[PDB]
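Architecture at a glance
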Amino acid sequence: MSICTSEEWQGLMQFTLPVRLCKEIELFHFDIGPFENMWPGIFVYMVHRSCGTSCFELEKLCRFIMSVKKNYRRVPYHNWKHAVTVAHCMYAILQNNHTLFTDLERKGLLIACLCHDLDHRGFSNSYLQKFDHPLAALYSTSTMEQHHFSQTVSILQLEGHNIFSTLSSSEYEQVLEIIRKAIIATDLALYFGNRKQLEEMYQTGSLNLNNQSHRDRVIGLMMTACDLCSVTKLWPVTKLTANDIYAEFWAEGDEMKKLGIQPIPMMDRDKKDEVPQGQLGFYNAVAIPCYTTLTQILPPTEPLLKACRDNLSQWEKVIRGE
Ligand SMILES: Cc1cc2nc(CCc3nc4ncccn4n3)cc(O)n2n1
Ligand SMILES: [Mg+2]
Ligand SMILES: [Zn+2]
């Protein structure tokens, strides 16, 4: 387990967000990419707007953010950038649905998005279980997710990192509950059933936000919506994040090929020219239904759906040669 230096986190308190970014950041399609220096600062900003400059000890929060950064590997997609990008989507979702979630959920969810893909190796769940890592020998299903959460718990229990320490012991244990499901929910495998359920519940109108496991479901769906929001950005941003996703996929594939194994088309750099078709497949079978269902449960979230539709037709053009 790994911690941060005093220098780094003290550099975090001085930071103040450049005034031009205040309007732009509220936008769902906002892109954090041109502002690396500022990524940990932006998180702070978003928590500060989300629930005040005193929902957390300032000093104690900066420690955490920077340790979390320390525990993102220098991988091309599942890295510090994806952590924050995801966190920003959740921020915008909470900001647009002001009175739907409890203070506890709000903090809970922003913290879970930041740690969602913690200490990620660049390897899929399939890959680790398939052959035949110690991380898959501990956690059988949702292999990388459990690690992600475990990493999270550990960082919290470090020396004065425990941003949740002031709370009651039942609020503490409970925000951790909220955090856990959320992260686990980022396992794309689990998304399909979950969404299917919510779709049914909404159709019959049995969906109840007073129901605890309905909440958990809705939140899951929100996490998924957040994990995937490269697709919700402006086309030129979506393109480049696309290049980061495949770099990681193909390296995984390259490990399958180093042992004679055909990696499935997604992970196969020999299957480059099939990428646009892949994206369209993915928007249709995954992205669109995610945002469609979510927009339905939470109308204010619509701009995400709009932007997904926009990009999907761009891939079309790409495929059709234009
Ligand atoms: C933002 C984003 C894009 C994306 N694309 C994928 C894979 C989609 C895909 N491409 C393929 N190419 C060839 C064969 C199959 N596929 N399937 C998985 C993701 O998590 N994301 N996230
Ligand atoms: Mg994950
Ligand atoms: Zn993720």
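Cut-off values and rules
- Residues numbered from 1 in each chain as written, not as in the entry; some residues may be left out.
- Chains lettered and ligands numbered in written order.
- Heavy atoms only, no water.
- Helix = DSSP H or I, 4+ residues; strand = E, 2+ residues; numbered from the N terminus.
- Rg over C-alpha atoms; globule rule 2.2 N^0.38 Å.
- Areas by Shrake-Rupley, 256 points an atom, 1.4 Å probe, with all protein chains shown as cover.
- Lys, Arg positive; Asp, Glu negative; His and termini not counted.
- Charge placed at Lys NZ, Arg CZ, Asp CG, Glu CD.
- Near = heavy atom within 4 Å.
- Polar contact = N/O pair within 3.5 Å; in protein donor to acceptor, adjacent residues only side chain to side chain.
- Nonpolar A, V, L, I, M, F, W, Y, C, P; charged D, E, K, R; others polar.
- 1 Å grid on protein atoms, 1.4 Å probe; cavity = no way out; pocket = protein on both sides within 12 Å on 5 of 7 lines; lining within 4 Å.
- Points joined across faces, edges and corners; volume = space filled by probe spheres on them.
- Donors = N, O, S within 2.8 Å, 3.2 Å for Na, K, Ca; no water.
- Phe/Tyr/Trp six-rings, centres within 6.5 Å; stacked < 30°, edge-to-face > 60°.
- Buried < 20%, exposed > 50% of the residue type's maximum accessible area, 1.4 Å probe, protein only.
- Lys NZ or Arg CZ within 6 Å of the ring centre and 35° of its normal.
- UniProt positions renumbered as here; feature names shortened; annotations may be inferred.
- Contact = heavy atoms within 4.5 Å.

Method of determination for the deposited model, per the PDB record: X-ray crystallography, at 2.77 Å resolution.

What to know about the overall build of the chain
The secondary structure content of the chain amounts to 15 helices and 0 strands. Scaling as 2.2 N^0.38, a compact globule of 322 residues should have a C-alpha radius of gyration of about 20 Å, and the chain matches this with 19 Å. Considering only C-alpha atoms, the chain reaches an extent of 55 × 45 × 40 Å along its principal axes. Here the chain has roughly 15100 Å² of accessible surface; of this, 53% comes from carbon and sulfur atoms. Taken together, the 31 basic and 36 acidic charged side chains of the chain have centroids lying 3 Å from each other.

Brief notes about the site of ligand 1
Close contacts around ligand 1 come from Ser-230, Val-231, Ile-245, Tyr-246, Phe-249, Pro-265, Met-266, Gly-278, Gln-279 and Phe-282, and that covers them all. At 2.7 Å from a nitrogen atom of ligand 1 is found a side-chain nitrogen or oxygen belonging to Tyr-246. Here a nitrogen atom of ligand 1 sits 3.0 Å away from a polar atom, N or O, in the side chain of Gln-279. Mapped by element, the contributors of at least two residues to the shell around ligand 1 are α13 (235–257) and α14 (275–297). Grouping the amino acids of the shell around ligand 1 by side-chain chemistry returns 7 nonpolar, 3 polar and no charged.

What about the layout of surface pockets?
Roughly 1200 Å³ of volume is contained in the largest pocket. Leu-188, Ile-245, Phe-249, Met-266 and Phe-282 are, among the 48 residues lining the largest pocket, the residues nearest its centre. By residue number, the principal contributor to the lining of the largest pocket is α13, which donates 9 residues. Its residues assigned to classes, the lining of the largest pocket shows 24 nonpolar, 15 polar and 9 charged. A volume near 210 Å³ is recorded for the second largest pocket. The wall of the second largest pocket is formed by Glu-36, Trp-39, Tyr-72, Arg-73, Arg-74, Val-75, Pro-76, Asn-79, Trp-80, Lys-81 and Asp-244. When the residues that make up the lining of the second largest pocket are grouped by side-chain class, the tally is 5 nonpolar, 1 polar and 5 charged.

Things to note about the coordination of the zinc ion (ligand 3)
Surrounding the zinc ion (ligand 3) are the protein donor atoms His-82 (NE2), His-116 (NE2), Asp-117 (OD), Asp-227 (OD) and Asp-227 (OD), which sit 1.7 to 2.5 Å from the metal. Within one chain, the residues donating to the zinc ion (ligand 3) are spaced in sequence as H-x33-H-D-x109-D.

A word on the packing of aromatic side chains
Counted by the stated rule, this structure contains 9 aromatic pairs. Arranged with centres 5.4 Å apart and planes meeting at 70 degrees, the rings of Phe-56 and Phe-164 form a pair that is edge-to-face. Linking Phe-56 in the loop between α3 (39–51) and α4 (58–70) with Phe-164 in the loop between α9 (143–156) and α10 (169–185), this pair joins segments that are 108 residues apart in sequence. Considered together, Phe-56 and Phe-164 belong to a single accessibility category, that of buried residues. With centroids separated by 4.7 Å and ring planes inclined at 55 degrees, the aromatic side chains of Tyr-127 and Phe-131 adopt a geometry described as tilted. By relative accessible area, which is 26% here, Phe-131 ends up partly exposed. Taken together through their ring pairs, the aromatic side chains of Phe-123, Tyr-127 and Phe-131 make up a single cluster. Just above the ring of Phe-56 sits the side chain of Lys-107; from NZ or CZ to the centre is 4.9 Å.

Things to note about empty space enclosed by the protein
Scanning all chains against the criterion turns up 2 cavities of 30 Å³ or more. Within this model, the largest cavity holds a volume of roughly 160 Å³. Taken together, 17 residues line the largest cavity, and the ones lying closest to its centre are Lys-81, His-82, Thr-85, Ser-230 and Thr-241. Listed by contribution, the elements that provide at least two residues to the lining of the largest cavity are α5 (80–95), α12 (212–227) and α13. Take the lining of the largest cavity: its biggest share by element is 4 residues, from α5. Its residues assigned to classes, the lining of the largest cavity comprises 7 nonpolar, 5 polar and 5 charged. Computed from the structure, the second largest cavity encloses a volume of approximately 40 Å³. In terms of lining residues, the second largest cavity is bounded by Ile-178, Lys-181, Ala-182, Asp-216, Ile-219 and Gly-220.

Describing the UniProt feature "active site" in the chain
What UniProt calls "active site" maps, in this numbering, to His-78. Excluding its chain neighbours within four sequence positions, the residues that come into contact with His-78 are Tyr-72, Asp-117, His-120 and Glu-248. A polar contact is formed between the side chain of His-78 and the side chain of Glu-248, at a distance of 2.6 Å.

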